[PDB]
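Novice: Just one file: target-v9.txt, with compact mmCIF, C-alpha atoms and all ligand atoms.
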# COMPACT_ATOMS: atom_id res chain seq x y z
CA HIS A 4 3.52 -33.11 16.80
CA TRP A 5 5.62 -35.44 18.99
CA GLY A 6 8.23 -37.66 17.41
CA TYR A 7 11.87 -38.73 17.60
CA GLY A 8 13.71 -35.79 16.04
CA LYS A 9 15.91 -33.15 17.67
CA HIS A 10 13.01 -30.74 18.13
CA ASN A 11 10.16 -33.08 18.99
CA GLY A 12 11.87 -36.16 20.43
CA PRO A 13 11.84 -37.84 23.85
CA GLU A 14 13.54 -34.94 25.71
CA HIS A 15 10.63 -32.71 24.63
CA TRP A 16 7.74 -35.00 25.50
CA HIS A 17 7.30 -33.77 29.07
CA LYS A 18 5.97 -30.41 27.84
CA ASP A 19 2.79 -32.04 26.39
CA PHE A 20 2.87 -35.06 28.76
CA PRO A 21 4.21 -34.01 32.15
CA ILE A 22 4.03 -37.62 33.47
CA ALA A 23 7.16 -38.11 31.33
CA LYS A 24 9.07 -37.17 34.49
CA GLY A 25 6.95 -39.34 36.80
CA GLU A 26 7.81 -42.08 39.20
CA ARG A 27 7.24 -45.20 37.02
CA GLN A 28 8.38 -44.37 33.50
CA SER A 29 9.57 -46.82 30.85
CA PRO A 30 11.84 -48.05 29.43
CA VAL A 31 14.60 -48.67 31.97
CA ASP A 32 18.01 -50.26 32.05
CA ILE A 33 17.69 -53.81 33.38
CA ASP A 34 20.67 -54.29 35.68
CA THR A 35 20.77 -58.08 35.60
CA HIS A 36 22.89 -58.33 38.70
CA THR A 37 20.53 -56.10 40.74
CA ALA A 38 17.29 -57.83 39.64
CA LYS A 39 15.85 -59.97 42.43
CA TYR A 40 15.01 -63.59 41.62
CA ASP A 41 11.50 -64.08 42.89
CA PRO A 42 10.72 -67.84 43.19
CA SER A 43 7.06 -66.90 43.86
CA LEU A 44 6.67 -65.53 40.28
CA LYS A 45 4.64 -67.88 38.06
CA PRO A 46 5.52 -68.98 34.58
CA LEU A 47 4.02 -66.65 32.02
CA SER A 48 0.96 -68.11 30.22
CA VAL A 49 0.92 -67.09 26.52
CA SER A 50 -2.20 -68.39 24.72
CA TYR A 51 -2.05 -67.27 21.16
CA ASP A 52 -3.46 -70.33 19.31
CA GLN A 53 -6.74 -68.54 18.44
CA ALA A 54 -5.15 -65.16 17.59
CA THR A 55 -6.89 -63.26 14.78
CA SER A 56 -4.74 -60.59 13.13
CA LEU A 57 -6.64 -57.95 11.22
CA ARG A 58 -4.57 -55.09 9.82
CA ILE A 59 -1.06 -53.68 9.53
CA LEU A 60 -0.65 -49.90 9.86
CA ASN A 61 2.06 -47.21 9.60
CA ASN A 62 1.03 -44.75 12.35
CA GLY A 63 3.92 -42.30 11.78
CA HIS A 64 5.81 -43.58 14.86
CA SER A 65 6.14 -47.32 14.20
CA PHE A 66 4.16 -50.02 12.36
CA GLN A 67 1.71 -52.18 14.11
CA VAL A 68 -0.27 -55.38 13.52
CA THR A 69 -3.69 -55.17 15.14
CA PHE A 70 -5.71 -58.09 16.45
CA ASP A 71 -9.36 -58.85 17.16
CA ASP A 72 -9.55 -58.13 20.90
CA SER A 73 -13.38 -58.45 21.13
CA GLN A 74 -13.02 -61.92 22.75
CA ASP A 75 -10.43 -63.88 24.73
CA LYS A 76 -8.58 -65.31 21.68
CA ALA A 77 -4.98 -64.34 22.27
CA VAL A 78 -4.32 -63.74 25.96
CA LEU A 79 -1.59 -63.33 28.49
CA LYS A 80 -2.02 -64.47 32.07
CA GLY A 81 0.10 -65.83 34.93
CA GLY A 82 3.60 -64.50 35.56
CA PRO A 83 3.19 -61.40 37.70
CA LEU A 84 -0.34 -60.73 36.42
CA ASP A 85 -3.70 -61.05 38.11
CA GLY A 86 -6.41 -61.88 35.58
CA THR A 87 -6.50 -62.06 31.84
CA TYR A 88 -5.04 -59.65 29.31
CA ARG A 89 -6.14 -59.54 25.70
CA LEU A 90 -3.67 -58.95 22.81
CA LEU A 91 -4.49 -55.71 21.03
CA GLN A 92 -1.46 -55.20 18.78
CA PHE A 93 2.24 -55.62 18.32
CA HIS A 94 4.79 -53.17 17.03
CA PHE A 95 8.55 -52.62 17.05
CA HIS A 96 11.17 -50.00 17.91
CA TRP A 97 14.41 -50.02 15.92
CA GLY A 98 17.61 -48.18 15.13
CA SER A 99 19.42 -46.58 12.26
CA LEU A 100 22.27 -49.17 12.91
CA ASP A 101 22.29 -52.55 14.62
CA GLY A 102 23.87 -51.23 17.85
CA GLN A 103 20.77 -49.28 18.85
CA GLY A 104 17.05 -49.56 18.59
CA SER A 105 15.85 -51.27 21.73
CA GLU A 106 14.07 -49.24 24.40
CA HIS A 107 14.94 -51.46 27.34
CA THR A 108 18.63 -52.16 27.84
CA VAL A 109 20.32 -55.07 29.60
CA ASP A 110 23.40 -54.03 31.63
CA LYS A 111 23.44 -50.96 29.28
CA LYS A 112 23.46 -53.17 26.14
CA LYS A 113 21.18 -51.91 23.36
CA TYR A 114 19.68 -54.39 20.93
CA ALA A 115 18.92 -53.68 17.26
CA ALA A 116 15.20 -53.65 17.94
CA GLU A 117 12.50 -54.45 20.47
CA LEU A 118 9.14 -56.07 19.85
CA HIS A 119 6.19 -55.03 22.04
CA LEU A 120 3.11 -57.23 22.31
CA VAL A 121 0.51 -54.96 23.90
CA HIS A 122 -2.29 -56.51 26.00
CA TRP A 123 -5.05 -54.96 28.19
CA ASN A 124 -6.80 -56.29 31.34
CA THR A 125 -10.26 -57.59 30.50
CA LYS A 126 -11.54 -56.40 33.88
CA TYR A 127 -11.54 -52.86 32.39
CA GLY A 128 -13.44 -53.77 29.23
CA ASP A 129 -11.60 -51.60 26.73
CA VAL A 130 -8.06 -50.31 26.20
CA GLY A 131 -9.05 -46.67 26.68
CA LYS A 132 -10.33 -47.46 30.19
CA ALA A 133 -7.36 -49.79 30.96
CA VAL A 134 -4.83 -47.00 30.17
CA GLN A 135 -6.30 -45.05 33.08
CA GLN A 136 -5.49 -47.87 35.56
CA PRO A 137 -2.22 -48.77 37.20
CA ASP A 138 -2.62 -52.43 36.20
CA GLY A 139 -4.42 -51.83 32.92
CA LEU A 140 -1.82 -53.04 30.41
CA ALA A 141 0.71 -55.84 30.15
CA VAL A 142 3.40 -55.39 27.51
CA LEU A 143 5.57 -58.35 26.58
CA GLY A 144 8.91 -57.11 25.32
CA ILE A 145 11.31 -59.18 23.20
CA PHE A 146 14.78 -58.07 22.08
CA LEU A 147 15.95 -58.51 18.50
CA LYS A 148 19.60 -59.16 17.67
CA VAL A 149 20.96 -59.38 14.12
CA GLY A 150 22.16 -62.74 12.83
CA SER A 151 20.06 -65.63 11.54
CA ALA A 152 16.72 -64.79 10.05
CA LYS A 153 13.47 -65.27 11.97
CA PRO A 154 11.23 -67.15 9.52
CA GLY A 155 8.07 -66.17 11.38
CA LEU A 156 8.82 -62.44 10.87
CA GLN A 157 9.06 -62.69 7.11
CA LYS A 158 5.33 -62.30 6.37
CA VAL A 159 5.48 -58.96 8.22
CA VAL A 160 8.52 -57.57 6.49
CA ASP A 161 7.23 -58.52 3.06
CA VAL A 162 4.21 -56.25 3.28
CA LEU A 163 6.07 -53.20 4.62
CA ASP A 164 6.53 -51.75 1.10
CA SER A 165 2.71 -51.37 0.99
CA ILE A 166 2.61 -49.15 4.20
CA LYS A 167 5.66 -46.98 3.55
CA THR A 168 4.21 -43.71 4.78
CA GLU A 169 2.18 -42.46 7.71
CA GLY A 170 -1.47 -43.27 7.38
CA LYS A 171 -1.18 -46.30 5.13
CA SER A 172 -2.64 -49.62 6.15
CA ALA A 173 -3.43 -53.05 4.70
CA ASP A 174 -5.41 -56.16 5.44
CA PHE A 175 -3.15 -58.51 7.39
CA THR A 176 -4.93 -61.73 8.31
CA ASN A 177 -3.77 -65.12 9.54
CA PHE A 178 -0.49 -63.85 11.00
CA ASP A 179 0.61 -66.08 13.87
CA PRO A 180 2.48 -64.16 16.61
CA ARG A 181 3.76 -67.44 18.07
CA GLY A 182 6.39 -67.36 15.34
CA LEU A 183 7.97 -64.27 16.91
CA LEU A 184 8.66 -65.84 20.31
CA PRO A 185 12.02 -67.13 21.60
CA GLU A 186 12.37 -70.59 23.22
CA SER A 187 12.47 -69.48 26.84
CA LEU A 188 9.76 -67.49 28.67
CA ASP A 189 12.20 -66.49 31.41
CA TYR A 190 11.52 -62.83 32.17
CA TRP A 191 12.16 -59.68 34.11
CA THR A 192 9.18 -57.66 35.39
CA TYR A 193 8.63 -54.19 36.76
CA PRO A 194 5.86 -51.56 36.96
CA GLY A 195 6.11 -48.88 34.28
CA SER A 196 4.54 -46.87 31.51
CA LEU A 197 3.71 -46.57 27.88
CA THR A 198 6.95 -45.63 26.08
CA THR A 199 5.10 -43.34 23.69
CA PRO A 200 2.75 -40.45 24.48
CA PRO A 201 0.61 -40.30 26.53
CA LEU A 202 3.24 -42.12 28.62
CA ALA A 203 0.52 -43.38 30.99
CA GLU A 204 1.68 -45.24 34.05
CA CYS A 205 -0.50 -48.30 33.43
CA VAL A 206 1.89 -51.02 32.35
CA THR A 207 3.14 -54.22 33.90
CA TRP A 208 6.32 -54.80 31.85
CA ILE A 209 7.34 -58.38 31.12
CA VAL A 210 10.71 -58.43 29.30
CA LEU A 211 12.01 -61.74 27.96
CA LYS A 212 15.64 -62.56 28.72
CA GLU A 213 16.18 -64.43 25.48
CA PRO A 214 16.39 -62.33 22.33
CA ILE A 215 15.22 -63.48 18.97
CA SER A 216 17.62 -63.30 16.03
CA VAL A 217 16.57 -61.55 12.85
CA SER A 218 18.57 -61.04 9.67
CA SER A 219 20.15 -57.87 8.40
CA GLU A 220 17.80 -58.03 5.42
CA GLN A 221 14.75 -58.17 7.71
CA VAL A 222 15.80 -55.15 9.84
CA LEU A 223 16.81 -53.21 6.69
CA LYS A 224 13.19 -53.48 5.55
CA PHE A 225 12.04 -51.84 8.81
CA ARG A 226 14.46 -48.97 8.05
CA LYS A 227 12.81 -48.28 4.62
CA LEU A 228 9.62 -47.07 6.30
CA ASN A 229 8.93 -43.35 6.57
CA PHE A 230 7.79 -41.17 9.49
CA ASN A 231 6.30 -38.72 6.98
CA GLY A 232 3.10 -38.90 5.02
CA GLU A 233 3.32 -39.31 1.29
CA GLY A 234 3.91 -35.86 -0.28
CA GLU A 235 6.06 -34.58 2.65
CA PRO A 236 9.86 -34.69 2.71
CA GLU A 237 11.14 -38.30 3.16
CA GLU A 238 12.40 -38.95 6.69
CA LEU A 239 13.29 -42.56 7.29
CA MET A 240 11.51 -44.20 10.24
CA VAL A 241 14.61 -45.13 12.23
CA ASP A 242 15.58 -44.54 15.84
CA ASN A 243 11.99 -44.64 17.06
CA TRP A 244 13.01 -45.66 20.56
CA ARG A 245 12.76 -43.78 23.92
CA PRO A 246 15.95 -44.05 25.99
CA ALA A 247 16.13 -45.56 29.41
CA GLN A 248 14.40 -43.58 32.17
CA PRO A 249 15.23 -43.30 35.86
CA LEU A 250 14.39 -46.40 37.88
CA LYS A 251 13.51 -44.32 40.97
CA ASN A 252 11.81 -46.34 43.69
CA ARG A 253 11.38 -49.61 41.70
CA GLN A 254 12.67 -53.18 41.92
CA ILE A 255 13.03 -55.32 38.81
CA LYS A 256 12.15 -58.93 39.56
CA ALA A 257 13.42 -61.94 37.68
CA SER A 258 11.51 -65.17 37.12
CA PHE A 259 14.75 -67.14 36.89
CA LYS A 260 18.08 -67.85 38.56
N1 LIG A 301 5.53 -48.61 23.24
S1 LIG A 301 4.44 -49.31 24.19
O1 LIG A 301 4.69 -48.91 25.61
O2 LIG A 301 4.31 -50.78 23.98
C1 LIG A 301 2.85 -48.64 23.69
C2 LIG A 301 1.75 -49.29 24.53
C3 LIG A 301 0.35 -48.76 24.29
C4 LIG A 301 -0.11 -48.89 22.85
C5 LIG A 301 -1.63 -48.84 22.60
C6 LIG A 301 -2.33 -47.51 22.82
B1 LIG A 301 -1.55 -46.17 23.54
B2 LIG A 301 -2.84 -45.41 24.48
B3 LIG A 301 -4.35 -46.34 24.22
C7 LIG A 301 -3.99 -47.57 23.11
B4 LIG A 301 -4.81 -46.23 22.49
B5 LIG A 301 -4.07 -44.83 23.33
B6 LIG A 301 -2.35 -44.75 22.87
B7 LIG A 301 -3.53 -45.29 21.66
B8 LIG A 301 -2.00 -46.16 21.82
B9 LIG A 301 -3.53 -47.07 21.57
ZN ZN A 302 6.48 -50.04 22.10
Go ahead and render the structure in this file as structure tokens.
Ligand SMILES: [N]S(=O)(=O)[C][C][C][C][C]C123[B@]45[B@]67[B@@]89[C@@]1%10B81%11B698B746B814B562B%10%1143
Ligand SMILES: [Zn+2]
Specialist:
Amino acid sequence: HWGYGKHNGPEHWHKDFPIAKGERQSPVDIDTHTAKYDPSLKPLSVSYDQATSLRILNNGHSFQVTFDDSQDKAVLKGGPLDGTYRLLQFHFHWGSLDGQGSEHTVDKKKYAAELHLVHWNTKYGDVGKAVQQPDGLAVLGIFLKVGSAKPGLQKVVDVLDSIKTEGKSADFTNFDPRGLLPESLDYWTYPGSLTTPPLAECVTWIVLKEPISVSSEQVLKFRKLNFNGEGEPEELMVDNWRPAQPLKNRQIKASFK
């Protein structure tokens, strides 16, 4: 039922998910001048050398690449985190035009898209249990700007024609998520939520300062996907982003000066 349209979009979500108006919702505007440099923050540890991608799926809200999270193969640790977080999946949010699409904003600037690498804390054993905990998930967010192509994204965009509509999926092995990362691991961090229903307040957000560049042709392939199932009226999967939510009683910390 929920989606991104006029009648079922983000302003409606609180009716099914009342935490939508809670105290630690995501995304937020990152006011770069108000973020506090915290010299006690550690460098982020991203260990993706043994990542095993499995499948790529159109879920009717975005597309996602799912990983084998049954062992510690692709993990996030360090930064603001305590313990080890396993990579479950990545997905994107994007716009109908290049001036919107990101969920987080930086001094009110919207990027063309935002990549989310979703990880869960191994202390809770499974993602279902982790979503019920205030430190259950760590999501690494990366902004996409339009310019030069990202070579490491191309394997992903080339299979999107095979998952056009909601419910389609395909085998998607040997995809290396290291090829989606920018040079710097400088980050902002704050406590927040899932940006899609159920909007659970379980996420340590880690948002990279450095965007990656993708080409117009790459982002145009995102915009050919459909929210609808095959046999329903065609509704392009664009503008699948939640807008910035109130910061309330939170401080955004920066790993860098
Ligand atoms: N946009 S985001 O905040 O990166 C989404 C983060 C969570 C994605 C993975 C999920 B959410 B809860 B638990 C796990 B199951 B249920 B719903 B289902 B989706 B998958
Ligand atoms: Zn997301």
Novice: Do you know which residues are at most 6 Å from range 104-110 of chain A counting only C-alpha atoms, after dropping those on the same chain fewer than 4 positions away, and could you put them as JSON, numbers by chain?
Specialist: {"A": [30, 31, 32, 33, 34, 96, 97, 98, 114, 115, 116, 117, 242, 244, 245, 246]}
Novice: Neighbouring residues of ligand ZN 302 (chain A) are defined here as those with any atom at most 7 Å from a ligand atom, counting all atoms listed in the file; list them as a list in words.
Specialist: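 The neighbouring residues of ligand ZN 302 (chain A) are, in order, residues 94, 95, 96, 118, 119 and 198 of chain A.
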Novice: If we count all atoms listed in the file, what is near range 140-157 of chain A at a cut-off of 7 Å, once residues fewer than 2 positions away on the same chain are taken out, given as an MDAnalysis selection string?
Specialist: chainID A and resid 88 101 105 114:124 133:134 138 159:161 182:183 205:211 214:219
Novice: Work out how far apart CA of residue 24 in chain A and CA of residue 251 in chain A are and give it in Å to one decimal.
Specialist: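 A separation of 10.6 Å between them.
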Novice: List as a PDB file with C-alpha atoms, in the coordinates of the input the protein and nucleic acid residues near residue 38 in chain A, meaning an atom at most 9 Å away when only C-alpha atoms are counted, but skip any in the same chain fewer than 5 places from it.
Specialist:
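Ended up saving to around30.pdb:
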ATOM      1  CA  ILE A  33      17.690 -53.810  33.380  1.00  0.00           C
ATOM      2  CA  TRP A 191      12.160 -59.680  34.110  1.00  0.00           C
ATOM      3  CA  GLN A 254      12.670 -53.180  41.920  1.00  0.00           C
ATOM      4  CA  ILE A 255      13.030 -55.320  38.810  1.00  0.00           C
ATOM      5  CA  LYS A 256      12.150 -58.930  39.560  1.00  0.00           C
ATOM      6  CA  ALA A 257      13.420 -61.940  37.680  1.00  0.00           C
TER       7      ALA A 257
END
Novice: Quick one: 4 Å padding each side, axis-aligned, all listed atoms of range 59-68 of chain A - centre and edge lengths in Å to one decimal, as AutoDock Vina command-line options?
Specialist:
--center_x 2.5 --center_y -48.8 --center_z 12.2 --size_x 15.2 --size_y 21.1 --size_z 13.3
Novice: Looking at A:99, A:125, A:231, A:29, which one is nearest to ligand LIG 301 (chain A), with distances taken over only C-alpha atoms and all ligand atoms?
Specialist: A:29
Novice: Hey, what's within 10 Å of residue 200 in chain A if we count only C-alpha atoms and toss same-chain stuff fewer than 3 positions away? As an MDAnalysis selection string, please?
Specialist: chainID A and resid 5:6 13 16:17 19:20 22:23 196:197 203
Novice: Using only C-alpha atoms, which residue out of A:173, A:84, A:162, A:239 lies closest to residue 44 in chain A?
Specialist: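 Of all the options, A:84 lies closest to residue 44 in chain A.
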Novice: Using all atoms listed in the file, determine which residues lie at most 12 Å from residue 235 in chain A, disregarding the query and same-chain residues fewer than 6 positions distant; provide the list as a PDB file with C-alpha atoms, in the frame of the given file.
Specialist:
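What ended up in part_21.pdb:
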ATOM      1  CA  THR A 168       4.210 -43.710   4.780  1.00  0.00           C
ATOM      2  CA  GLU A 169       2.180 -42.460   7.710  1.00  0.00           C
ATOM      3  CA  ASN A 229       8.930 -43.350   6.570  1.00  0.00           C
TER       4      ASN A 229
END
Novice: Figure out the distance between CA of residue 188 in chain A and CA of residue 55 in chain A, please, to one decimal in Å.
Specialist: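 Between CA of residue 55 in chain A and CA of residue 188 in chain A the gap is 22.1 Å.
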